[PDB]
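Peer 1: When you get a sec, could you give me coordinates for this:
(chains A and B)
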There are 2 protein chains.
Amino acid sequence: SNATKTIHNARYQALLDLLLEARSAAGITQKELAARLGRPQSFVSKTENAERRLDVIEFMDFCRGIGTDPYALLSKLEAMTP
Amino acid sequence: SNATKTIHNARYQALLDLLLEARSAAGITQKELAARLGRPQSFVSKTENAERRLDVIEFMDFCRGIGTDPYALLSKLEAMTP
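Peer 2: Numbering: from 1, shown residues only, chains lettered A, B, ... in the order given. Structure data below:
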């Protein structure tokens, strides 16, 4: 079946949901996050819009750029499928 | 965020995907499954179309009706989020 990818896609989308919540809470614009990352704003916007794939390395940096602990965010996400 | 429900919905849809695979593999029509369950065909069709919610009791019976071990199916589903 397509179960494996179906579940992967939702967990990935939930992670994006959490990251958007975190950036918004931090009061940081996409343009500002991109500046901190030393990347074009398109990097941040495409990441948030799911038009490019985030790897775990980019993810760690994205988190640090907004001020949120990447290990803690992952732990919280994982806690959602006990 | 909406993360918790986002993840729940995907796991539920993946379970339906697996159940459809199982009924199809068993060579059993919806009408035939319903007869075995002693329920209207609409029960089976709405279950498969996600137009009604399956509870764990109905799920066990649905599985037995198609010949597949409900405990094993759940285990397989859970294995997908290690």
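Peer 1: going forward, measure contacts and count neighbours with C-alpha atoms only.
Peer 2: Will do.
Peer 1: The closest residue in space to residue A:68 that isn't next to it in sequence: which element?
Peer 2: Excluding its sequence neighbours, the residue lying closest to residue A:68 (Cα to Cα, 6 or more residues apart in numbering or on different chains) is residue A:22, at 7.2 Å. For residue A:22, the element it lies in under DSSP states H and E is helix A:3-26.
Peer 1: Could you do residue A:80 as well?
Peer 2: Residue A:80 belongs to no helix or strand, assigned by DSSP H and E.
Peer 1: burial count for it?
Peer 2: Around residue A:80 there are 14 other residues, counting by other Cα atoms under 10 Å in any protein chain shown.
Peer 1: Run a quick neighbour tally on residue A:67.
Peer 2: By the criterion of other Cα under 10 Å, residue A:67 has 13 neighbours.
Peer 1: Could you double-check that it lies in contact with residue A:26?
Peer 2: Yes - Residue A:67 is within contact range of residue A:26, at 7.3 Å (criterion: Cα atoms under 8 Å).
Peer 1: if I look at the residue lying farthest from the centre of chain A, how far off is chain B?
Peer 2: Note on chain A: the largest C-alpha distance from the chain mean falls to residue A:1, namely 27.4 Å (Cα atoms, centre = their mean). From residue A:1 across to chain B, the span is 6 Å (Cα to the nearest Cα, to the nearest Å).
Peer 1: Can you tell me the closest non-neighbouring residue to residue A:35?
Peer 2: residue A:41 is the one closest to residue A:35 (Cα to Cα, 6+ apart), at 7.6 Å.
Peer 1: quick one: that neighbour and residue A:33, what's the gap?
Peer 2: 8 Å (Cα to Cα, to the nearest Å).
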